[PDB]
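Beneath this line is the structure, given in structure tokens, with notes to follow.
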Amino acid sequence: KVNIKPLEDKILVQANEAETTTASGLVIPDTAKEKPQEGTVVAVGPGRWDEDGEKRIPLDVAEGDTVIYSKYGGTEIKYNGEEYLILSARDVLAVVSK
Amino acid sequence: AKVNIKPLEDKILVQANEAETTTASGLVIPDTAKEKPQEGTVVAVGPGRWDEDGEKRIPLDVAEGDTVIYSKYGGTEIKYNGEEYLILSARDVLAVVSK
Amino acid sequence: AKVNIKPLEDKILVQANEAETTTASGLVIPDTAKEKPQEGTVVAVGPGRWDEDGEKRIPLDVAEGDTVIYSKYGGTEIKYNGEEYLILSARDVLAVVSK
Amino acid sequence: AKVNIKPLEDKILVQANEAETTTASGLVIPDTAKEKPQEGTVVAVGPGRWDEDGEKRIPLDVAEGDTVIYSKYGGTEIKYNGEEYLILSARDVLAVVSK
Amino acid sequence: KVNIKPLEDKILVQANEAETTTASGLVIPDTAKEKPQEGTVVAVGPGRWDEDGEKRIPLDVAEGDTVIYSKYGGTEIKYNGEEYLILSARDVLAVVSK
Amino acid sequence: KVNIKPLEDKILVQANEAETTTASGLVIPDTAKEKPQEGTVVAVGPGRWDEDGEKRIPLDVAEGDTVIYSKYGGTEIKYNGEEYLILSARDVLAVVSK
Amino acid sequence: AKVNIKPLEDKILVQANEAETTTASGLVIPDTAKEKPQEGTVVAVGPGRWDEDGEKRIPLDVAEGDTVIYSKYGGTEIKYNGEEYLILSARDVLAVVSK
Ligand SMILES: [Ca+2]
């Protein structure tokens with residue numbers, strides 16, 4: 001069991017997505033980069049430094065947060081047949097809560 | 001309303017107000033490109049974007065309930081309860097409409 | 001009791017004081033590209049764009065009633081009550097025309 | 001009456017003067033791309049652009065009467081009384097020509 | 001024993017990934033540099049100057065850190081049959097710690 | 001006669017380069033303007049206003065300076081036929097001195 | 001040598017330390033896209049760029065004699081007495097190689 005620690009304002013997200021199944025039985029993956037997804041925040045970076053080496057701008061997401069994000073610019077990472085993505089917090093569109 | 005979408009930064013959630021326009025023959029042809037502006041209702045607003053330094057969030061100029069005119073370009077479609085929603089940057093909001 | 005359009009940021013609502021480009025055979029050739037500058041009347045103005053400190057809005061240099069020369073590029077057409085309007089950035093306004 | 005034009009921001013109104021481009025065959029050829037720079041006279045100047053903070057308009061470096069060298073690109077042609085004028089950003093002005 | 005010193009916010013990384021063979025014995029390299037990799041930070045730049053130009057903003061990686069990064073924009077450098085990459089600290093996605 | 005006064009951070013440069021024939025007596029000029037040239041600074045603008053709005057950032061070239069520069073983005077100006085160029089101080093690569 | 005080149009801003013003059021690579025037949029083939037990074041010696045350095053304030057020049061992180069790795073892209077070739085030189089921004093310098 002490894003432990004990934006995102007840098008700057010990048011976060012690690014666990015893809016809660018599932019490929020769509022065609023009626024004929026074919027399964028087409030979601031190569032869709034523009035297609036936004038819903039996942040869970042697993043790790044967050046410290047935050048980006050401001051103009052001067054003063055303070056880190058806290059992120060607006062935390063571990064456990066369910067979020068909607070864009071895959072574009074993201075980096076896929078698999079671990080124990082698990083899908084993960086490393087993306088900038090600016091790609092996160094919104095947080096979904098119950 | 002079990003689920004609740006909370007936009008980040010200066011993005012907002014808008015509920016599209018419109019209807020599939022029909023052709024004289026009885027056909028409906030939507031707008032996939034999303035290049036025409038639209039009218040909708042602000043459902044949720046983000047906190048806003050952090051200023052240069054990072055000590056203040058510049059408040060947005062729209063609020064829940066506001067009817068606005070916006071550009072779908074760059075926006076993201078989200079359906080829920082057969083309802084159409086769009087997540088866009090407040091910069092895409094052109095004006096607020098008020099009777 | 002009537003719909004009123006309110007421009008966000010430094011955008012302004014302008015009304016049409018010109019007609020479509022005419023021809024020698026009578027055919028009306030509209031401009032879809034919107035590359036020719038036009039002349040219109042400022043109908044509504046936005047509050048202005050926030051400075052940086054998030055402190056003050058930089059007032060615009062146009063007011064309702066002003067006749068202005070502007071670029072249609074980047075503008076958004078809006079028709080209401082049968083009149084043609086345009087929502088554009090205050091940066092697209094070239095000059096104010098006064099008697 | 002004779003309406004006057006009032007440039008906004010750092011834009012200025014310039015009056016153009018062009019030589020006879022008559023080719024040998026008595027054919028004159030205009031510059032559509034407006035790539036070639038020209039010489040003209042500053043007729044009106046804008047107040048100047050606001051600063052980031054919002055405490056001053058940075059004065060322009062040209063004044064009425066100044067003969068200047070400028071790029072037509074980005075400029076907007078305006079013909080009043082047969083004469084040709086141009087509205088351009090002060091950034092397009094290259095140099096001021098003085099006797 | 002020449003030693004490389006990265007400038008600004010660039011870091012020198014040692015690629016520790018391994019060419020993969022095809023079922024035919026062939027070997028296929030990744031020239032486009034679009035796939036992220038895992039490596040070890042060998043040297044780090046002082047960091048970028050702040051707005052005011054008085055202090056540099058320290059980087060969030062240190063020598064010995066195992067990182068996940070994007071090869072895009074990076075520059076390959078070989079020395080003693082060892083593969084190295086000079087990249088911007090912005091290309092480093094996360095630090096991997098056992 | 002007349003004296004050109006550059007605005008902002010633009011400068012007037014007098015081209016010193018001259019044409020070069022071929023083995024056939026032919027001459028090929030540089031329409032592209034991608035080759036850098038050597039010339040003399042004739043007049044310099046006041047300099048660009050700081051973002052603040054209270055100070056002109058002095059340029060690093062003075063009249064009489066021989067400089068190497070890029071013609072790209074430059075504007076040609078012929079007077080008494082002397083070939084001149086109006087370019088941004090940012091196109092000035094270096095100053096050549098004895 | 002007599003004439004000496006003095007780089008401006010944060011640009012530096014580097015002396016190309018790269019060589020030819022003859023093919024088995026004889027004929028040697030050189031670079032041409034300028035994407036391949038090179039190694040060379042810093043011969044001269046500019047004073048550095050003035051911050052936004054304009055009160056101070058941010059010193060460069062390279063000095064004369066430094067052996068550096070750099071990108072030729074954006075560089076400008078300069079020959080003299082047979083030796084090849086390049087004028088590039090200090091931003092193209094990747095690292096300093098020391099022994
Ligand atoms: Ca701060």
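Following the order of the structure tokens, chains are lettered A, B, ..., residues in each are numbered from 1, and ligands are numbered from 1.
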
Handout entry: DSSP-assigned strand (DSSP E) among chain G, expressed as a ChimeraX atom specification
Key = /G:4-7,11-16,37-45,49-50,57-58,67-71,76-80,83-89,93-98

Can you list every residue of chain F that has an atom at most 10 Å from chain G, with its nearest atom pair and the distance in Å to one decimal, using only C-alpha atoms, ordered by chain then number, as a tab-separated table?
residue	atom	partner	partner_atom	distance
F:35	CA	G:76	CA	8.8
F:36	CA	G:76	CA	7.7
F:49	CA	G:54	CA	9.9
F:50	CA	G:52	CA	6.6
F:51	CA	G:52	CA	7.1
F:52	CA	G:53	CA	7.8
F:54	CA	G:53	CA	9.8
F:55	CA	G:54	CA	7.8
F:56	CA	G:54	CA	8.2
F:57	CA	G:54	CA	5.8
F:58	CA	G:54	CA	8.3
F:59	CA	G:9	CA	9.3
F:60	CA	G:8	CA	6.9
F:61	CA	G:8	CA	8.4
F:66	CA	G:5	CA	9.8
F:67	CA	G:5	CA	8.9
F:68	CA	G:5	CA	9.1
F:69	CA	G:76	CA	9.6
F:70	CA	G:76	CA	9.2
F:89	CA	G:8	CA	9.4
F:90	CA	G:9	CA	8.6
F:91	CA	G:8	CA	9.8
F:92	CA	G:8	CA	7.2
F:93	CA	G:8	CA	5.9
F:94	CA	G:7	CA	3.9
F:95	CA	G:6	CA	5.0
F:96	CA	G:5	CA	4.7
F:97	CA	G:4	CA	5.7
F:98	CA	G:3	CA	4.8

Problem - Contact residues (chain C, partner chain D, 12 Å, only C-alpha atoms) as number ranges by chain - result: C: 35-39, 48-62, 66-71, 90-99

Practice task
Define the interface residues of chain A facing chain E as those within 8 Å, counting only C-alpha atoms, and report them as JSON, numbers by chain.
Solution key: {"A": [2, 3, 4, 5, 6, 7, 8, 10, 49, 51, 52, 53, 75, 86]}

Exercise for the section: Determine the nearest neighbour of ligand 1 from the options A:41, A:9, A:19, A:47, counting only C-alpha atoms and all ligand atoms. Expected result: A:47

Problem - Pairwise distance for atom CA of residue C:86 and atom CA of residue C:40, rounded to one decimal in Å - result: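 These two atoms are separated by 9.2 Å.
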
Handout entry: Separation of atom CA of residue E:15 from atom CA of residue E:85, in Å and rounded to one decimal
Key = 7.1 Å

Exercise for the section: Have a look at atom CA of residue A:38 and atom CA of residue A:71 and let me know their distance in Å, one decimal. Expected result: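 Computed distance, atom CA of residue A:38 to atom CA of residue A:71, equals 10.1 Å.
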